[PDB]
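J.: Here goes the first bit of my complex:
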Amino acid sequence: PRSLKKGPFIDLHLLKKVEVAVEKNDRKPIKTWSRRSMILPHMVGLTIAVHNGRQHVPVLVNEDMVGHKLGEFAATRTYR
Amino acid sequence: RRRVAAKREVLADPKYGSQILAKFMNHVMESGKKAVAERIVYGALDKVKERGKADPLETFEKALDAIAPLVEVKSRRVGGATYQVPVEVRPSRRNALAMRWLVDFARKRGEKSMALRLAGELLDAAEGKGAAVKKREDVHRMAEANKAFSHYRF
Amino acid sequence: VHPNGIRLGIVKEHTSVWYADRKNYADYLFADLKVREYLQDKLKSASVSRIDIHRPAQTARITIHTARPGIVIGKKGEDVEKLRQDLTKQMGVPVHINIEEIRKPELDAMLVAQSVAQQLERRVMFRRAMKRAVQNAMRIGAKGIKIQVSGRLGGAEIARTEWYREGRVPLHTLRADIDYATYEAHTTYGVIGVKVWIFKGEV
């Protein structure tokens, strides 16, 4: 499945401290409490560290992103 | 260990009316369907005689004239070495390898058409210069040391 | 394989005979469960031999098959309406209550099974009244009682298969009607489920 039926990402309990960060300068991250905290494709250039429980990860958000969840920055299996 | 086995083959057909080729639909219907097998089962009967002059059964009746061994090789031991017992058996026993051995050894030839493949050596049963009449006399040859194996210690 | 489920038919009948839809086959199989556990942990007196939960026209039908009518029916039915309130609220539908008689009660499986394990808490020998489980309950009526007793029996690792045979019980049967009542209890140490094979006549 997972076709492009559900197009835009308007989710008010997950919107209201990521889109509001345009007016405020970039000196701090967007702090995440899901394995699935996706945001809009209008907000490339931010920091989302994958919530799973004990330390945060290097996420290099660069200019070209379209597809899927954040299970690649902090991977599912982490090779312990 | 009494044998309660009862043999009774049905020998009658609405197409050929044969004897030992009428009820043979078992290995020519190769686990699938009869629709595709019907042109392969009785399609070879009129393909063995369609290349020669005589009828299909003419060279089909002479299969047990050069493909039936005159001995047996069932093993048995008494207190030394295993000795088999070879002797003139009943027709049925001797004439079982005089068709199926000639028939099943046709996959190592395989020319055009599946039905020709089945009929590949059915016309060979007359002169016996094929492969089915090569193991017939071979059986006899392996009985020199087994010649006296029947009464004493057997 | 278990028989009594085979003789749902040629020998015996059912307990929950109510019709609903196939989707509604579960909707009256809610409240067939809060009333049946009430007759055991409260009414050890006036012992129940069978619980039939029927749902006739507009209320219900549960017949508490007791062996003692004087305790339940007292002073023109003062305790009869007591079971009307403690049951029909937790059960979905209300019940009209009717009481029958099981005169000569010494031949049924549940009527005896609740009268064996209750004597085993009072430091009684586990082999004396079990002979007289059959000697005192076979004078009039039935034809024989086998009793398997495997279990606990005063010691720790006992696999003793007691063999209280006085008469005849066949156990592969459908015409020779088997009853089977394994009620459990807890004595001074250990669990006792009393194994019962009371067997009346055929036909």
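T.: Everything's here; your move. Numbering: from 1, shown residues only, chains lettered A, B, ... in the order given.

J.: Please make it C-alpha for all contacts and neighbour counts, starting now.
T.: Will do.

J.: Tell me who's in contact with the residue positioned nearest the centre of chain B.
T.: By CA atoms, centre = their mean, chain B has its centre lying nearest to residue B:99, at 2.2 Å. Residues in contact with residue B:99 (CA atoms under 8 Å, 6 or more residues apart in numbering or on different chains) are B:63, B:64, B:67.

J.: how about the helix ranked longest in chain C: buried residues?
T.: Ordering each helix of chain C by length in residues (DSSP state H) puts helix C:82-88 first. Within helix C:82-88, the residues scored as buried using 16 or more other CA atoms under 10 Å in any protein chain shown are C:83, C:87, C:88.

J.: returning to what we had before: please convert the contacts of residue B:99 to JSON lines, extending it with neighbour count, distance to residue C:154 and secondary structure.
T.: As requested, these are exported to JSON lines (neighbours: other CA atoms under 10 Å in any protein chain shown; distance: CA to CA, whole Å; DSSP: H, G, I helix; E, B strand; the rest coil):
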{"residue": "B:63", "neighbour count": "25", "distance to residue C:154": "83", "secondary structure": "helix"}
{"residue": "B:64", "neighbour count": "18", "distance to residue C:154": "82", "secondary structure": "helix"}
{"residue": "B:67", "neighbour count": "26", "distance to residue C:154": "81", "secondary structure": "coil"}
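
J.: Strands of chain C, start to end?
T.: Under the criterion DSSP state E, strands of chain C are mapped to C:53-54, C:61-62, C:144-145, C:148-149, C:162-163, C:183-186, C:191-194, C:198-199.

J.: Direction included, what does the last one pair up with?
T.: When you say that, I think you mean strand C:198-199. Its sheet considered, strand C:198-199 pairs with strand C:144-145 (antiparallel) by DSSP bridges.

J.: now for chain D:
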Amino acid sequence: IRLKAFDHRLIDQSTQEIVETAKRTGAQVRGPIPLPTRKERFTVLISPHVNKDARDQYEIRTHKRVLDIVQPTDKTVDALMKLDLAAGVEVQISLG
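T.: Same chains as before, plus chain D:
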């Protein structure tokens, strides 16, 4: 008259109490038309400690019956409709 009930022994002994019981009152009820066994196959597991070999097997049914009052005036099929039930039949009727 179309029905929905349990088994082979309580709907056939309740449509004995439909045909004759509404024929004596003046009109006519036709004969019982057969509608057979409901063939539904099940699977369980009956072992104490788990043994996928050790299954068992079950089945359950529902009978229907087609009766038809020819000239519809039989009130017995609706007045003595509770007479058709004894403990666990819930009768469906069809007046016509």
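
J.: What about the buried residues of helix C:82-88 again, now that chain D is present?
T.: Using 16+ other CA under 10 Å as the test for burial, helix C:82-88 gives C:83, C:87, C:88.

J.: re the thing from before, the residue nearest to the centre of chain B and residue B:130, how far apart?
T.: 13 Å (CA to CA, to the nearest Å).

J.: contacting residues around residue 37?
T.: Went with chain A since none was named. By CA under 8 Å, 6+ apart, the residues touching residue A:37 are A:14, A:48, A:50, A:70.

J.: that's the wrong chain, I meant chain D
T.: D:61, D:62, D:63.

J.: Near the residue nearest to residue C:203 when sequence neighbours are not counted, how many other residues are there?
T.: Closest residue to residue C:203 apart from its sequence neighbours, by CA to CA, 6 or more residues apart in numbering or on different chains: residue C:175 at 7.2 Å. As a burial measure, residue C:175 scores 12 neighbours (other CA atoms under 10 Å in any protein chain shown).

J.: Next up, phi/psi of residue C:175, please.
T.: Backbone torsions of residue C:175, given as degrees, to the nearest 10, read phi -80, psi -40.

J.: do you know how far it is from chain D?
T.: Separation of residue C:175 from chain D (CA to the nearest CA, to the nearest Å): 19 Å.

J.: That residue touches residue C:199, doesn't it?
T.: No. With contact defined as CA atoms under 8 Å, residue C:175 does not count as touching residue C:199 (11.4 Å).

J.: Whatever residue of chain D ends up closest to chain C - how many residues pack around it?
T.: Per CA to the nearest CA, residue D:88 is where chain D lies closest to chain C, at 3.9 Å. Other residues lying near residue D:88 total 19 when counted by other CA under 10 Å.

J.: Now do the same contact list for it.
T.: Contacts for residue D:88 were tallied using CA under 8 Å, 6+ apart; they are C:17, C:18, C:19, C:54, C:55, C:56.

J.: include chain E too:
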Amino acid sequence: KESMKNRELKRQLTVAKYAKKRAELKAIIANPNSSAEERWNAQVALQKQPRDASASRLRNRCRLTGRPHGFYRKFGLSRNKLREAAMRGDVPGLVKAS
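T.: Okay, chain E now, added to the rest:
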């Protein structure tokens, strides 16, 4: 656990706490006649309106005993029940035949 059956059984009311704004706003979702300006009002529907609104987090067991396998589409009961139920008679219609 005394509080495992007690902490999940209460979803009979909490998942259906609104249950009407959820029933009205799960039928228009299968209709594309809603406009592109209406790709945001169809997404102020149900969630932070407190999150006992997803039906994905509910599960059944037996009625008295508590077991998730053995449940068929005709009961509230389980597989260690059905051997102990009809043999005393708790299950209607369940006879043994061919």
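
J.: ok chain E is loaded, check the buried residues of helix C:82-88 again?
T.: C:83, C:87, C:88.

J.: gap between the residue nearest to the second one when sequence neighbours are not counted and chain A?
T.: When you say that, I think you mean residue C:87. Leaving aside its chain neighbours, residue C:87 sits nearest to residue C:35 (5.9 Å; criterion: CA to CA, 6+ apart). Distance, residue C:35 to chain A, using CA to the nearest CA: 47 Å.

J.: so how far is residue C:62 from residue C:35?
T.: Distance of residue C:35 to residue C:62, given as CA to CA: 9 Å.

J.: Among the two, which residue is more densely surrounded?
T.: Taking other CA under 10 Å, residue C:35 and residue C:62 do not tie; residue C:62 has more neighbours (21 against 18).

J.: dump the residue contacts of the more buried one.
T.: By CA under 8 Å, 6+ apart, the contact set of residue C:62 is C:51, C:52, C:53, C:54, C:95, C:96, C:97, C:98.

J.: what about residue 17, how many residues close to it?
T.: Here I'm looking at chain A. Residues lying near residue A:17 (other CA under 10 Å) number 12.

J.: Chain E is the one I meant
T.: Look at residue E:17: counted by other CA under 10 Å, it has 14 neighbours.

J.: With residue A:61 instead?
T.: The number of residues near residue A:61, taken as other CA under 10 Å, comes to 14.

J.: Next: residue A:75.
T.: Residue A:75 sits with 11 neighbouring residues when counted by other CA under 10 Å.

J.: what do you get for residue B:111?
T.: With other CA under 10 Å as criterion, residue B:111 counts 13.

J.: hang on, the earlier thing: which single one of the buried residues of helix C:82-88 is nearest to chain A?
T.: Taking CA to the nearest CA as the measure, residue C:88 is the one of the buried residues of helix C:82-88 closest to chain A, at 46.8 Å.
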